[PDB]
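1. part one of the complex, untouched from its place in the assembly:
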Amino acid sequence: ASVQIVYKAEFXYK
């Protein structure tokens, strides 16, 4: 598990 960051615009650990 680790930090996840997404860009979709939308822009955010699992």
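-> Yep, that arrived. Residues are numbered from 1 along each chain as shown, chains lettered A, B, ... in the order given.

2. who's in contact with the residue nearest the centre of chain A?
-> For chain A, the residue nearest the mean C-alpha position is residue A:5 (2.2 Å; Cα atoms, centre = their mean). Contact analysis of residue A:5 by Cβ atoms under 8 Å, 6 or more residues apart in numbering lists residue A:11. Backbone N, C-alpha and C define where each C-beta goes, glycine included.

3. separation between it and residue A:14?
-> Note on residue A:5: its distance to residue A:14, by Cβ to Cβ, to the nearest Å, is 11 Å.

4. throw chain B onto that model:
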Amino acid sequence: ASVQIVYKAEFXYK
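-> The block that follows adds chain B to the chains above:
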């Protein structure tokens, strides 16, 4: 359709 970029570490239009 939108550009999608993910960072989780590794880093990639739908």
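
5. can you check the contacts of residue A:5 again with chain B included?
-> A:11, B:6, B:7, B:8 (Cβ atoms under 8 Å, 6 or more residues apart in numbering or on different chains).

6. dump those to CSV, plus distance to residue A:1 and neighbour count.
-> Shown next, in CSV, are the contacts of residue A:5 (distance: Cβ to Cβ, whole Å; neighbours: other Cβ atoms under 10 Å in any protein chain shown):
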residue, distance to residue A:1, neighbour count
A:11, 21, 8
B:6, 15, 12
B:7, 14, 12
B:8, 10, 13
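
7. in TSV: these, plus secondary structure.
-> As requested, the contacts of residue A:5 are exported to TSV (DSSP: H, G, I helix; E, B strand; the rest coil):
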residue	secondary structure
A:11	strand
B:6	strand
B:7	strand
B:8	coil
